[PDB]
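Enquirer:
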Amino acid sequence: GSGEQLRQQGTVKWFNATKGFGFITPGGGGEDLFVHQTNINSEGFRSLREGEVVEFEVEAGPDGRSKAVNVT
């Protein structure tokens, strides 16, 4: 809960909407992780370009698994 800061940052340059699976670049130069679109959708459209940074936090459910959501 409180105290546990989970703020990540990812770029669109390494995003693959067509495939439905992008990537995140936490830190700005190191290891990259895979991300899946679970709760990242709008009501209309999305006008974004490569290079745009996004923000999100890893959430862990009761099952024990964790994933990223609400990537804006």
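First residue of the sequence shown? That's 623 in this note's numbering, and the numbers climb one at a time after it. All C-beta atoms, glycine included, are put in the ideal place defined by N, C-alpha and C.
1) To which residues does DSSP link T633 through a beta bridge?
2) So, with DSSP's three-state summary, where would you put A682?
3) Could you give the DSSP three-state label for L655: helix, strand or coil?
4) Could you tell me the alpha carbon to alpha carbon distance between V634 and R687, rounded to whole angstroms?
5) Hey, quick one: how far does the beta strand (DSSP E) through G644 stretch, first residue to last?
Expert: So, from the data block:
1) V675
2) strand
3) strand
4) 25 Å
5) 643-646
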